[PDB]
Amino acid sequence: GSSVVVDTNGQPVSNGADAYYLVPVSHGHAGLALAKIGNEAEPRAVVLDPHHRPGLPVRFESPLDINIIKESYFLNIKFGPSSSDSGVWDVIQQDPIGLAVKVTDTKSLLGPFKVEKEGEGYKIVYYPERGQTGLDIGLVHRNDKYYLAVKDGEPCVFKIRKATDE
């Protein structure tokens, strides 16, 4: 947990200041995007889209006054600029996906995610209630889409590429 999260160049991932792509280690051809779920008219669910690579970049945020991220820190994860709080991830019950990753326009001081070493990269883990037990984020295939959703024991493994191409 005291491990510092690093990018694909081996540099510490910054606290909010820089954006990064979550690149799947065995799905580098696909990338994060927003899609519709349920009956919703606006796309608010996060999917791994085979048509976008590297996909939408994220920022990892902790209220701590440090400019690196450790695996033990509770994080918010968000799309978009530091200055905007649209694009903030949360996990929301939504049939029939299950506990789906969705974007919201509000942000708690302490987010519910951690980034934890797994295999050749990192997994995203969701901690309901910011408690002790974490649930792995993996993929749920429904409606011809691969939604990011809780799939405990079957995480999607990512490497973290700094978004200097933009």
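When you see a residue number, it is the position in the sequence shown, counting from 1.
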{"query": "Per the entry, higher mean C-alpha B factor between 48-56 and 35-43", "finding": "35-43"}
{"query": "Residue stretch of maximal mean CA temperature factor, 102-110 vs 66-74", "finding": "102-110"}
{"query": "Which of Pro12, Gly153, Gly16, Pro24 ranks first by CA B-factor in the deposited coordinates", "finding": "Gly153"}
{"query": "Ranked C-alpha temperature factor of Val115 among modelled chain residues, by third", "finding": "lowest"}
{"query": "Chain thirds of CA B-factor: placement of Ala30", "finding": "middle"}
{"query": "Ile97 - Cα temperature factor, lowest/middle/highest third of chain", "finding": "highest"}
